[PDB]
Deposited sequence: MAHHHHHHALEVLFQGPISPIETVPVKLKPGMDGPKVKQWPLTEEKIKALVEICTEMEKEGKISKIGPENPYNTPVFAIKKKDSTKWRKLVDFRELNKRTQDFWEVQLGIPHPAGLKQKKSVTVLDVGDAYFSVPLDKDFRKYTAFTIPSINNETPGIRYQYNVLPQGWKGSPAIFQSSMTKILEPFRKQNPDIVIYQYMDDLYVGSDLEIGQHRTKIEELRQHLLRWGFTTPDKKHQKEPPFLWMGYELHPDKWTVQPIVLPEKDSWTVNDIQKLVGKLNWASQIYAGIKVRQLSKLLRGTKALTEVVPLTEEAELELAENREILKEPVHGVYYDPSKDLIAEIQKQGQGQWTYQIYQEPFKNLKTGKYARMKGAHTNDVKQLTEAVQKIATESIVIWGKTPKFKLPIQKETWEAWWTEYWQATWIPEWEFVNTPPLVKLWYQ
């Protein structure tokens, strides 16, 4: 019973037309049970094929909350949706979030279902539930309310969210709240138990009008390391020179003329070559240029974030986040702790959620990922491990590791 906010696509762009991929039995059953109730409650309506748009649908379970959560992959719809920096409905990002001891993520997407969506925009939200062995044609719905996963919903609901949170933030001025899509990121410098208690006060505050625990305090940077030995092969020095030559695209004033000269001639790779005093000075020089962060690298909010990941083995994953090439805003090392150690695709899917989560905390948005995996291998399995209510942009790269740069 609210006036709708008029919404448009970007000029010269049509709505999404993305095919539904196959779903397992239990995801299909969960979706039909979820969508039947949503239909009864008027949140979605059954539509026909004269609607030419579609967006893929699937479902996830977070391991702590074992009820299914419907997830519509509105990435295509969001790229074509008008920006809301123009209607002054965008959300600023608080720089204090990343300096908190603990940050808890809450899924508040259900709040959107109380605000209707522009009559003329709902056709762009259509999705299709598949059927096992194609017993029936797909079943089609569209939204009548602000959907979960649509970039417009936090923008339109924002004035409402501010009002609901104003008392809590008033009473807790040192707690930091940042909304990103369907999520609230809740940071505090408080001991673990009392943090969780104010989390629950938060919760009941929300429930009244209408938890996954981070420690950014303990994210670290993993710089480039140069091996340390006392005897050095020709092969070691070749490996060392190629690494430093690459790092000179990133760091300033890194030299290889002293180490390179040690390799005059055509030598056996296993020949041990003693280091001249000068070469030892050049390497100690290089070593501590790599010690400390690069000078001249600043976040630009008008450019996209990009993330690269390299598989390093034994469950270790290195990553860099940047906007311009070789100007890394962050370099890191993800390591999983599940002990099972068996699944590359699961580890990479979890590495992606963690990296994207860090970017949300730090900069307020997720990066576009360059994924070290075949397209078809990622697409066979990734939804089995996804636990976020958002989905980042990604693309698939096959880049062999020339130097083992980041490990």
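Taking the first deposited residue as 1, the stretches without any C-alpha atom are 1 to 19, 230 to 246, 444.
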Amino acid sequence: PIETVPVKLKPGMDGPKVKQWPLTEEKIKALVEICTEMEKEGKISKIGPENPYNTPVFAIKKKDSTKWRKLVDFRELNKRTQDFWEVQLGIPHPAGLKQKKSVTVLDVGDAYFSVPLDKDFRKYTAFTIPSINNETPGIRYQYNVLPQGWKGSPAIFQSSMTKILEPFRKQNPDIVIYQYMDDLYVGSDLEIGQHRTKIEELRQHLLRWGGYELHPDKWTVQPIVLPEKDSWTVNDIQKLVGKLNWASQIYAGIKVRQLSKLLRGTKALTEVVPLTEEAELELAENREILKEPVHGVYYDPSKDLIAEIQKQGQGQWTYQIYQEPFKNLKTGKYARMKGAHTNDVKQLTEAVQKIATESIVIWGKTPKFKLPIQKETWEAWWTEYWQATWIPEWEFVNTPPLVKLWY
From here on, numbers count along this sequence of modelled residues.
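Relative to its counterpart among 82 to 90 and 262 to 270, 82 to 90 has the higher mean temperature factor, C-alpha atoms as listed in the PDB entry. In this entry, 338 to 346 has the higher mean Cα B-factor, the comparison being between 28 to 36 and 338 to 346. Looking only at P137, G149, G253, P154, the residue with the top Cα B factor in the deposited structure is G253. You'll see in the entry that, of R75, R208, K119, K243, the Cα B factor peaks at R208. Annotation for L71: C-alpha temperature factor in the lowest third relative to the rest of the modelled chain, per the entry. When all modelled residues of the chain are sorted by CA temperature factor, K368 is found within the lowest third.
Sorting the modelled residues of the chain by their CA temperature factor places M181 in the lowest third.
Ranked against the other modelled residues of its chain, the C-alpha B-factor of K311 as given in the entry falls in the lowest third. Ranked against the other modelled residues of its chain, the C-alpha B-factor of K63 as given in the entry falls in the highest third.
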